[PDB]
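Since the structure comes first, as structure tokens, the remarks are kept for the end.
Bear in mind these aren't lab numbers, they're just calculated from the coordinates by the rules spelled out. No Cβ is skipped: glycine too gets one built from the backbone with ideal geometry, and neighbour counts run over all protein chains shown.
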Amino acid sequence: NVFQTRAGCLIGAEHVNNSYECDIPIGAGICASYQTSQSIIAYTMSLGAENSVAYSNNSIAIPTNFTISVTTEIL
Amino acid sequence: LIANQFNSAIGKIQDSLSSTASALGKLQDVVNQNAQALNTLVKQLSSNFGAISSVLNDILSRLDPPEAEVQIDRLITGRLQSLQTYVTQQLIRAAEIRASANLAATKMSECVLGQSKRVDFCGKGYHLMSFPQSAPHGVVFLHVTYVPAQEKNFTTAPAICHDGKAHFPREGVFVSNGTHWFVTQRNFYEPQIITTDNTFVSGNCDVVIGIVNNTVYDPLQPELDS
Amino acid sequence: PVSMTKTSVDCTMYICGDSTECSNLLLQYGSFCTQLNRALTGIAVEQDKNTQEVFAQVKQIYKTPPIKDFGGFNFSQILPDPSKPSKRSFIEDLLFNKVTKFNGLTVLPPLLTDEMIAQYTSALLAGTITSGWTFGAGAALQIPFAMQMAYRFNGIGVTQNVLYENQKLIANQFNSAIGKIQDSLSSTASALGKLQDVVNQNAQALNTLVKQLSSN
Amino acid sequence: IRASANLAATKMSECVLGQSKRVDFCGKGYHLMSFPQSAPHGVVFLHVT
Ligand SMILES: *[C@@H]1O[C@H](CO)[C@@H](O[C@@H]2O[C@H](CO)[C@@H](O)[C@H](O)[C@H]2NC(C)=O)[C@H](O)[C@H]1NC(C)=O
Ligand SMILES: *[C@@H]1O[C@H](CO)[C@@H](O[C@@H]2O[C@H](CO)[C@@H](O)[C@H](O)[C@H]2NC(C)=O)[C@H](O)[C@H]1NC(C)=O
Ligand SMILES: *[C@@H]1O[C@H](CO)[C@@H](O[C@@H]2O[C@H](CO)[C@@H](O)[C@H](O)[C@H]2NC(C)=O)[C@H](O)[C@H]1NC(C)=O
Ligand SMILES: *[C@@H]1O[C@H](CO)[C@@H](O[C@@H]2O[C@H](CO)[C@@H](O)[C@H](O)[C@H]2NC(C)=O)[C@H](O)[C@H]1NC(C)=O
Ligand SMILES: *[C@@H]1O[C@H](CO)[C@@H](O)[C@H](O)[C@H]1NC(C)=O
Ligand SMILES: *[C@@H]1O[C@H](CO)[C@@H](O)[C@H](O)[C@H]1NC(C)=O
Ligand SMILES: *[C@@H]1O[C@H](CO)[C@@H](O)[C@H](O)[C@H]1NC(C)=O
């Protein structure tokens, strides 16, 4: 079950097409994680969900509501 | 409504901290690196450093000075480099902490003591207020931030012609729900009827691109009409 | 500069050339060999954390609308060009050309490969052009680019009507401005010096390290 | 470098994602917007002022 990547020979992991959020970094854009019965999978890193913006020269979006979110920063 | 959103917001912070320790990793890392480095420092003492025995008393006891010197001088040089390395480890790591301390001090001043308009300097979204909390060898901030929630589509236009004179918003945007024209504040949808109190005239229609015909209302006129 | 070449030198192979006799002698010196190895790894892992901080500041990947009607402004140069193999915009390409052994040292590859980075700078560019600052605070909100620039004047104390009356003139100044960036980058490399020094100082530092092997 | 990276990260947030009133923090003159461009081991900003 050998997979070849630019980082080096990767053995004992299953290569897959579909991408997910990076979990354990290998380098050269390959991230590996534990997934379903379960095994170790190596996949191309997913940069995030794609979202085109419905832009046009006379369309504007105005929020109608708000959420007061509290987040934590540690130093 | 805000109070409920704020109060529930604090509640979530506890559970995120109460059950999951991944949040406090960054403070935890500083403790480990120092404690781990110190352990290495002490461990180096038991390394013979190319001498007959790591324990000083042995080479002290078993051999009298004339040969003891050459053995000890190897131990001293070995230990000294080990201590030299540890200090340079601390000094470099000391600089990193200070850069974090000044960054914290800057946040404490610009983010707690005052509202700061620097974007994402104080947690994602527009910033309202910050609360500080102490922590082992650290400070933890609660950033209370305002985030727009439910967007909506509206057709818009730069300006309005009323009498050939182009009208721009004093504040806010010109939005139409499809059949009527309104001016509303930028970040929240509370459309109001368009009046000269909301708009200031400039120039004539032709220059501005995209301007749309509509009616601008004047509060003074119906009062003089009456 | 954001990151430097992720380099790792195996402590043992460098000092001792796979000589068991040399290796055993080294074990006397204690844990020097493992500290020096681990410290360099700490630099390597930190190194990826830099590019995360600089670029991965956007939660989604926005994509510019297919039709490039931005009120007269011309982002054709800085927006990604699908024709080239790597999804890199024209200015990004000029930079990449301007910027220019087996003793146990290895160079680990970066985590975000250059194609992936160009994706973020595509996103952050697309978000700015179609959402102003809003996409930073929360969900991205479309605003026609003419007004968004008009807001920004209202930020610096110039009332809006200045821009709308002068929209045509501003566009031409902006488009010619971008054009001037190409030539300064296209012809003169002195501007891009700061990135080159990180490569030069680092690459030089290795040469000193390797040359030391040939010292008695 | 990491000192430079944080400065870039601060610049990215306060200069690209938003307009900033800090003088000369985003190029000479009043600031309007910034565009980021990738570079080998670095980031290049276009400051529109
Ligand atoms: C703005 O959003 C809030 C959501 O936080 C809405 O408040 C909720 O309203 C529903 C009614 O359908 C209640 O069941 C929820 O309990 C409310 N949330 C809270 C936290 O009390 C609010 O109605 C929205 N405002 C408008 C004008 O749509
Ligand atoms: C756009 O908003 C306006 C103002 O709210 C709407 O016009 C009003 O519609 C109500 C019925 O819902 C009438 O009772 C009022 O008399 C109307 N006001 C005026 C000044 O005509 C309009 O219907 C909305 N259009 C859409 C498509 O939502
Ligand atoms: C807005 O209303 C004005 C009229 O006040 C329109 O101006 C007309 O434009 C046409 C095209 O050149 C002329 O033939 C007419 O003589 C103009 N009217 C007047 C009274 O001079 C204008 O076209 C309208 N624009 C929009 C977008 O509604
Ligand atoms: C934006 O500006 C670019 C200039 O870089 C325009 O692209 C040029 O267009 C002319 C004709 O319109 C061609 O002769 C050039 O070969 C093009 N150059 C490149 C590099 O593609 C582009 O057309 C402009 N876009 C708009 C909408 O005006
Ligand atoms: C990815 O998909 C292709 C066809 O689209 C398929 O041939 C290939 O085997 C897939 N890769 C894996 C790892 O299954
Ligand atoms: C606005 O219209 C676009 C048109 O494609 C749509 O995708 C978008 O969801 C609409 N906005 C909302 C809030 O529904
Ligand atoms: C907006 O774009 C449309 C294309 O659908 C065009 O017909 C119209 O003239 C444009 N108006 C402005 C003000 O740019």
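Some points to look at:
- DSSP beta bridges in chain A [antiparallel fraction, %, rounded to 5]: 80 percent
- Once the Cβ-Cβ distance of B:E223 and A:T64 is raised to the sixth power relative to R0 = 25 Å, the FRET efficiency obtained is 0.15.
- With a simple spin-label model that places each label point 7 Å from the Cα along the Cα-to-Cβ direction, the separation between B:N187 and A:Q4 comes to 5.5 nm.
- Couplings for the stretch A:53-66, taken from phi via the Karplus curve 6.51 cos²θ - 1.76 cosθ + 1.60 with θ = phi - 60°, read 9, 6, 8, 7, 6, 9, 10, 10, 10, 10, x, 10, 6, 9 Hz in order; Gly and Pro are left as x.
- The phi torsions of the stretch B:138-144, fed into the Karplus equation with coefficients 6.51, -1.76 and 1.60 and a -60° offset, translate into couplings of x, 10, 10, 9, 9, 9, 8 Hz, rounded to whole numbers, with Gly and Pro shown as x.
- For the stretch A:9-38 and the stretch B:63-135, distance of Cα centres in Å: 35 Å
- Note on the stretch C:1-75: Kirkwood hydrodynamic radius from all Cα pairs is 16.8 Å, rounded to one decimal.
- Stokes-Einstein translational diffusion, chain D - Kirkwood Rh over all Cα pairs, 1.002 mPa s, 20 °C, in µm²/s: 196 µm²/s
- The distance between label points at C:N172 and B:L91 comes to 6.1 nm (points 7 Å beyond Cα on the Cα→Cβ vector).
- Computed on the Cα atoms alone, the convex hull of the protein assembly as shown gives a volume of 223 cubic angstrom per residue.
- Helix-only [θ]222 nm of chain C, DSSP H runs n ≥ 4, -39500 (n - 2.57) each, per residue, nearest 500: -18500 deg cm²/dmol
- Square roots of 5 times each gyration tensor eigenvalue, C-alpha, chain A, largest first, Å: 37, 19, 13
- Amide H contacts under 5 Å for D:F45: D:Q37, restricted to partners 5 or more places along the chain or on a different chain, H placed in the peptide plane at 1.01 Å from N.
- Acute angle (nearest 10 degrees) that the helix B:25-43 long axis makes with the longest principal axis of chain B, alpha-carbon atoms: 10 degrees
- Residues whose amide H lies under 5 Å from that of A:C22, counting only those 5 or more places away or on a different chain, are A:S46; hydrogens are built 1.01 Å from N in the peptide plane.
- Beta-bridge orientation, chain B: approximately 90 percent antiparallel, per DSSP, counting only bridges with both partners inside.
- Taking the longest Cα principal axis of chain B as reference, the axis of helix B:65-107 is set at about 10 degrees.
- Spread of Cα-to-Cα distances over 5 Å intervals beginning at zero, given as percent, for the stretch B:1-83: 3, 12, 14, 11, 9, 7, 6, 6, 6, 5, 5, 5, 4, 3, 2, 1, 1, 0
- Principal axis box of the stretch B:37-134, alpha-carbon based, largest edge first, Å: 74, 18, 18
- By the count of other C-beta atoms within 10 Å, a proxy for reagent exposure, A:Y20, C:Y120 are ordered fewest to most as A:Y20, C:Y120.
- If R0 equals 51 Å, the separation of the Cβ atoms of B:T179 and B:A37 corresponds to a calculated FRET efficiency of about 0.10.
- Kirkwood hydrodynamic radius over Cα pairs of the stretch B:79-203, then Stokes diffusion coefficient at 25 °C and 0.890 mPa s, in µm²/s: 127 µm²/s
- Global geometry of the stretch B:148-189, whether rounded, prolate or oblate, following the gyration tensor of its Cα atoms and the 1.5 cut on a/c: oblate
- Phi-derived couplings, Karplus 6.51 cos²θ - 1.76 cosθ + 1.60 at θ = phi - 60°, listed residue by residue for the stretch B:14-24: 4, 4, 4, 7, 5, 9, 10, 8, 4, 5, 7 Hz, with x used for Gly and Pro.
- If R0 is taken as 35 Å, the Cβ-Cβ distance between C:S215 and C:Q28 corresponds to a FRET efficiency of 0.95.
- Amide H contacts under 5 Å for A:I62, placed H, 5+ residues apart: B:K152, B:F154
- Taking every alpha-carbon pair under 8 Å whose residues sit at least 6 apart, chain B reaches a relative contact order of 11 percent.
- Computed packing ranks the peptides C:177-189, C:23-35 as C:23-35, C:177-189, most packed first, by mean other Cβ atoms within 10 Å.
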